[PDB]
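Here we start with a single chain on its own, the form solved without this ligand, put down as structure tokens.
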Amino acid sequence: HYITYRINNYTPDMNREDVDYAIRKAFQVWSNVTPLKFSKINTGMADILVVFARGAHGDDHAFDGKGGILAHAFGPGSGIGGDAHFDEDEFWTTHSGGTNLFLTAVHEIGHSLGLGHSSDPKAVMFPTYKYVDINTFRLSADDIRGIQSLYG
């Protein structure tokens, strides 16, 4: 099978350069341990979507503001399957600031691939908001094998 991604979201209080690499790296930190492939399409979204919205987007799944669900992407599949949801009213920040655009992008992208919602406590896959140094920003814990093997 073939895989494809497409990003198109830019929130305030954060340079477009941070978000660009934030998500762009999310595909690497994940693909680092996955049989999947790589296909950066310039035009033509695919099973994997990425868009930021504020609460109820007319016909979407509203979440909340700063504090609640900063971003939660449902499992993969058709259409919605593999869609990213980033709270607009939220407060995005660098790898140091609270809402880690990088780490978050990896957590949301994971749920829209084949991740549960916990795996391990130390792992960065846990359902929580934490900021880690981009220098060491990378997959860890046993989860690293739960993505490459994909069993349960």
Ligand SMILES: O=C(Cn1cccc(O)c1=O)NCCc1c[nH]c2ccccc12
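The first residue of the sequence shown is number 1, and the count goes up from there.
This next part talks about the form deposited with this ligand bound, which is not shown.
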Pocket accessibility after superposing this ligand in the deposited complex (3+ atoms within 2.4 Å of backbone/C-beta): blocked
Residue-level contact is defined here as any heavy atom of the residue lying within 4.5 Å of this ligand in the deposited complex; does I69 satisfy this criterion? yes
Is there a heavy atom of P35 no more than 4.5 Å from a heavy atom of this ligand in the deposited complex? no
4.5 Å heavy atom contact, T104 to this ligand in the deposited complex: yes
Would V124 count as touching this ligand in the deposited complex under a 4.5 Å heavy atom rule? yes
